[PDB]
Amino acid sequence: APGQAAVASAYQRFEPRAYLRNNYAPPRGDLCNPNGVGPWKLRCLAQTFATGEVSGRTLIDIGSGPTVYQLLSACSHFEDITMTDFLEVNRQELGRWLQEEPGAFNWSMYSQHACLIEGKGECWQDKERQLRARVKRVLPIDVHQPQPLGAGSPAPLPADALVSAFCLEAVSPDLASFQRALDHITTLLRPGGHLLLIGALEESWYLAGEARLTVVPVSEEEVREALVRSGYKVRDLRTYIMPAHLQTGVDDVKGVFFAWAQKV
């Protein structure tokens, strides 16, 4: 209870352009080295969709921030995609890239790299235009509320799949509120539907301009137990250890996990 309120006000001085710079510009945002964090995340997402076993008509992205890369492979498989964030400054950053306003963030290195590893011969402009086409709305959300999108949100629940990258551990004061947030997102999921969850391993803080966020250090084992304790069969869970040269002064992340889990 008290911790969930300190998270909320730390996130008030979250500078999205500073966030995008620390994590999606060089070095972490240079996609040329295939052993980097960028290529690893996109490969996880693409391998998982290329199986064919994750599909439907509706998808919800929990805690998108100002980022779109986590739906680049997703959007070939879902026609109504809902993106969500707690902060309006991020949804207005999401707005400017979906509507192609000036000063939108240049995501084309990531569209390029997703097209290359999907390997279906798709140019990146078609990938970007397909994502804008299928992303219907950009809604507020609070993963701590037992209903996270408000009483009667415009979103077509229950969704067929959730994507959530770097959200829960970054917004939860401790292991317990992280588990509750997972319980809360899971009610948004049609039973038998799929969760695709990316997050930081063993991280306790990261910087977003003037915001200094505190984060609950989660391990891969804690992540697996939390997915079952919320009723998922864990289909995949993989870890990326963070190389020295991607350890900048913007956080203390030690690794990144990817989870493919299916509601039971």
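A residue's number is simply how far along the shown sequence it sits, counting from 1. Here, rigid core means the biggest group of C-alpha atoms that superpose within 1.5 Å across both forms.
J.: Could you check whether 178-186 or 97-105 drifts more from the shown form in 8 other deposited structures of this protein, using RMS Cα distance once the core is superposed?
T.: Higher root mean square deviation of C-alphas in 8 other deposited structures of this protein is shown by 97-105.
J.: Between 66-74 and 205-213, which has the larger RMS C-alpha deviation from this form in 8 other deposited structures of this protein after core superposition?
T.: Stretch with the larger root mean square C-alpha distance in 8 other deposited structures of this protein: 205-213.
J.: Higher mean Cα B-factor in the deposited model: 144-152 or 105-113?
T.: The deposited B-factors put 144-152 ahead on the C-alpha mean.
J.: Mean CA temperature factor from the deposited coordinates, higher in 36-44 or in 56-64?
T.: Stretch with the greater average CA B-factor: 56-64.
J.: How does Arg235 rank on Cα B-factor within its chain, lowest, middle or highest third?
T.: Middle third.
J.: Rank-wise, by C-alpha B-factor, drop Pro173 into the lowest, middle or highest third of its chain.
T.: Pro173: CA B-factor falls in the middle third of its chain.
J.: Looking at the C-alpha B-factor of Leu227, is it in the lowest, middle or highest third of its chain?
T.: Answer is highest: the recorded C-alpha B-factor places it there.
J.: Once the chain's modelled residues are ordered by C-alpha B factor and cut into thirds, is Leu131 in the lowest, middle or highest one?
T.: For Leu131, whose C-alpha B-factor we compare with every modelled residue in the chain, the answer is the middle third.
J.: Among the chain's modelled residues, which third holds the C-alpha B-factor of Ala261?
T.: For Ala261, whose C-alpha B-factor we compare with every modelled residue in the chain, the answer is the middle third.
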